[PDB]
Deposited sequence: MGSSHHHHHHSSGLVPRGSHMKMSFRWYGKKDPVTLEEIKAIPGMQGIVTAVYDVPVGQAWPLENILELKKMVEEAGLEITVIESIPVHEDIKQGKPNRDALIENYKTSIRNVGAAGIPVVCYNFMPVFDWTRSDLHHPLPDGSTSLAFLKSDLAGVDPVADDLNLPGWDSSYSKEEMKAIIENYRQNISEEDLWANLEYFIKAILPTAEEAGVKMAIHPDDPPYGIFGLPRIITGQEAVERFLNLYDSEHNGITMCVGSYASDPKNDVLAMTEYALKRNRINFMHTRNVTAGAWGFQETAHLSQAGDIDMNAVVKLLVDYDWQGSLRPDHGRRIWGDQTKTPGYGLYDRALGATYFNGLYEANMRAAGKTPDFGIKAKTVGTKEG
């Protein structure tokens, strides 16, 4: 039976947005977070993870997803020493499973996790947002590693580097009781001479096949995949759902074409994704997992710094998914759940 927990990204103690505020989002159940006191490729201790879990649980929430045990560039490059960094990744997986967190989200995006030309590109209602203007600058070197990928490492080398990775970690994830969920490339194609392989349906199928298990699944980030129109989110969503290989949902809306892309409000008609169709799919497939609204616009006085991570519009995206999820749950004669245990504190009949 279906079981989708609303979740929200939270960067810990140093987050502009707090747990009180997050907790106040109607229907919010999960916290998506990570350890920030340890360098990339170095291995997360249990206590670190546990400190976060305690903060989150006292606030009346739970950590449902570690979003992002970062992958060291040595691993991605496929350099000689990877083995050591991978043993650290194995330790991290183990420590997350030790903490009781079911999913770990990661990426295999060489040197860049994402690219944005504009972090304040206005929208037809007064609100700013992030865009990828294919015209602007794009075609200029970002003022050792780069040339390596450019000169030496092909997409198939990256495919072989990734396969090595996932063959090395997967049994650990199995033993830990933890499911891996690879985040696609953002933008979902090669830029700056750098290669990208997690880019579309063909890529997803080849990925899942590297190690065939539920513990080896995807973060269906619909607004990344559909950043390149060449991609069709819904069949992607569905094949993945048909295969039981979606382990995390991200659900931001974006408008795209031959010209490139710009992130919009989550509403289906604000951009190019049919959001109702997405969750209708989760409904039909009795999907069990977490979804975050992912990214927001700047609206109101939102003085949250960090890119699409202001509380306000992401909140406005979550309740929109409450709507879509509840309606579709009901249309299917299913009864939706939002983790609400009490309506009131101190009254009752």
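Asks: Residue ranges with no C-alpha coordinates, please: along the deposited sequence, counted from 1, in order.
Replies: According to the record, the gaps fall at 1 to 17, 161 to 179, 386.
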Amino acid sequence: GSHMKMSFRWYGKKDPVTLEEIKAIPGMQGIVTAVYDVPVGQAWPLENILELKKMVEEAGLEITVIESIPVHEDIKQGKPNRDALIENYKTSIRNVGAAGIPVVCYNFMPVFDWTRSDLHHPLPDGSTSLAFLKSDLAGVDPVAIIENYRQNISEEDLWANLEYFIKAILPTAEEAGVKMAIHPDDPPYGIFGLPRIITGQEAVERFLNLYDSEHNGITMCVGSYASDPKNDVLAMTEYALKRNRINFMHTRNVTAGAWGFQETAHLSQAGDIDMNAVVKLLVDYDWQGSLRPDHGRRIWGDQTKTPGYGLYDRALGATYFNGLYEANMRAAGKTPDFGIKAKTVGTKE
From here on, numbers count along this sequence of modelled residues.
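Asks: Hey, which bit's got the bigger mean C-alpha B factor in the entry, 151 to 159 or 116 to 124?
Replies: According to the PDB entry, the answer is 116 to 124.
Asks: Take the C-alpha B-factors listed in the entry for 72 to 80 and for 161 to 169, compute each mean, and give the stretch with the larger one.
Replies: Comparing 72 to 80 with 161 to 169, the higher mean C-alpha B-factor belongs to 72 to 80.
Asks: Highest Cα B-factor in the deposition, which of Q303, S290, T33, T319?
Replies: That would be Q303.
Asks: Looking at the entry's B-factor column for C-alpha atoms only, identify whether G308 ranks in the lowest, middle or highest third of its chain.
Replies: Highest third of the chain for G308's C-alpha B-factor.
Asks: Would the CA B-factor of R196 place it in the lowest, middle or highest third of its chain?
Replies: Within its chain, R196 is a highest-third residue by C-alpha B-factor, going by the deposited values.
Asks: Split the chain's modelled residues into thirds by Cα B-factor; is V38 in the lowest, middle or highest one?
Replies: Ranked within chain, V38 CA B lands in the middle tercile.
Asks: So where's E263 on the chain's Cα temperature factor ranking, which third?
Replies: Within its chain, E263 is a highest-third residue by C-alpha B-factor, going by the deposited values.
Asks: What third of the chain, by the recorded C-alpha B-factor, contains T251?
Replies: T251: CA B-factor falls in the middle third of its chain.
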